[PDB]
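Protein chains in written order, with the deposited numbering: chain V, 3 to 59; chain Q, 2 to 57; chain 6, 165 to 273.
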Amino acid sequence: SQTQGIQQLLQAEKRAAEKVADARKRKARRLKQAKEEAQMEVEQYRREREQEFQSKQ
Amino acid sequence: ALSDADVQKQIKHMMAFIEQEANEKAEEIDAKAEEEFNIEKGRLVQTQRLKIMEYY
Amino acid sequence: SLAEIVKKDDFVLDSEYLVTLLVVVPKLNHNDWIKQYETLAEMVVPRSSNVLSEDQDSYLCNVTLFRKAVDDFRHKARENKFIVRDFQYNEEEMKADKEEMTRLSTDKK
């Protein structure tokens, strides 16, 4: 590898780092999405429980 | 006599794992992002649901 | 000591995958090493060879090549009667040696 191989290696490493970093950022945002969606789910569960409380009362 | 054929042989040897193993690392990071969807949703808000159930 | 031989321009430092190696080579096999070093290892850089320095019996020559292929590079180099002078760019050592030499000379005076 005189010059072509070094160029291809550099692009390969840059793309690899981009893949890993993008996956990490996706994971972070997706964890935030998990927390938000499940918070809404628990809000719905709370609404159900309050309705049942009203019926019981 | 090597010319650029030997260069391309080493590049065929090298690229196909240096780029693809990082791709697989990205894919398993996403898979663990799904597993952590599940872990967060079954631990944090699960404890929250248990607390409110205790209150109820 | 390589206190007064190497230079930073001969080294490809801080690279991701490549490194400069130093190899003493006999005069009788200098051109032979130049024609053979591209074949001495794979993932090497043709036309990266150079004559860093010389003496009355050999040539200290530097080559840029892959870090994984250095093992077989030095192996085949030993197969072709070339002794690898293992040393990387260390300005600290060189300046320390020069300054210590001058310091002890002046101290003795």
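Where a beta carbon is used, it is the ideal one built from N, C-alpha and C, also for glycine.
Check, Outcome
"Using a Cβ-Cβ distance cut-off of 7 Å, determine whether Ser-3 (chain V) contacts chain Q.", "yes"
"Pick helix, strand or coil for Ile-169 (chain 6), following the three-state DSSP scheme.", "coil"
"Give me the Cα-Cα distance between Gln-53 (chain V) and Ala-40 (chain V), rounded to the nearest whole angstrom.", "20 Å"
"Would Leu-33 (chain V) pass as an interface residue toward chain Q - the criterion being a Cβ-Cβ separation below 7 Å?", "yes"
"Pairs of beta-carbons, one from the region 235-246 of chain 6 and one from the region 41-48 of chain Q, closer than 8 Å: are there three or more?", "no"
"Do the region 218-229 of chain 6 and the region 254-261 of chain 6 make contact, defined as three or more Cβ pairs closer than 8 Å?", "no"
"Is there a C-beta anywhere in chain B that falls below 7 Å from the one on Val-209 (chain 6)?", "Note that chain B does not occur in the displayed structure, where the protein chains are V, Q and 6."
"Give, in chain order, every residue of the region 5-20 of chain V whose Cβ lies closer than 8 Å to some Cβ of chain Q.", "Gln-6, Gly-7, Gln-10, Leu-11, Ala-14, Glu-15, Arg-17, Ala-18 and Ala-19"
"Would you kindly report the start and end of the unbroken alpha helix (DSSP H) that includes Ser-179 (chain 6)?", "Careful: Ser-179 (chain 6) lies outside any alpha helix (DSSP H) and carries neither H nor E."
"Just curious, the alpha helix (DSSP H) that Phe-38 (chain Q) is in, first and last residue?", "6-56"
"If you follow the alpha helix (DSSP H) that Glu-202 (chain 6) is part of, which residue opens it and which one closes it?", "Element bounds for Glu-202 (chain 6): n/a, residue is neither H nor E."
"Buried or exposed for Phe-55 (chain V), please, with buried defined as at least 16 other CB atoms from any protein chain shown within 10 angstroms of its CB.", "exposed"
"Confirm, please, whether the CB-CB distance from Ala-34 (chain Q) to residue 85 (chain V) is below 7 Å.", "Here chain V comprises residues numbered 3 to 59, so residue 85 (chain V) is not present and cannot be evaluated."
"Which whole runs of the alpha helix (DSSP H) in the region 192-244 of chain 6 are 4 residues long or more, in chain order?", "194-200 and 234-243"
"Drop a sphere of 10 angstroms on the beta-carbon of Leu-224 (chain 6), count the other beta-carbons inside from all chains shown, and report buried for 16 or more, exposed for fewer.", "buried"
"For the alpha helix (DSSP H) containing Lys-272 (chain 6), list its first residue and its last residue.", "255-272"
"Under a three-way DSSP split, which group does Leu-3 (chain Q) fall into?", "coil"
"Examine chain Q for any beta-carbon lying closer than 7 Å to the beta-carbon of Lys-58 (chain V), and answer yes or no.", "no"
"What residue from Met-265 (chain 6), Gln-220 (chain 6), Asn-254 (chain 6) and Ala-233 (chain 6) has the CA that sits closest to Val-189 (chain 6)'s CA?", "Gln-220 (chain 6)"
"So, under 8 Å CB-CB, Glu-15 (chain V) and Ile-19 (chain Q) are touching, yes? Tell me the CB distance rounded to an integer number of Å.", "7 Å"
"From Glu-28 (chain Q) to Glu-38 (chain V), what does the alpha carbon distance come to, in whole angstroms?", "23 Å"
"7 Å is my cut-off, CB to CB: does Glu-55 (chain Q) come that close to chain V?", "no"
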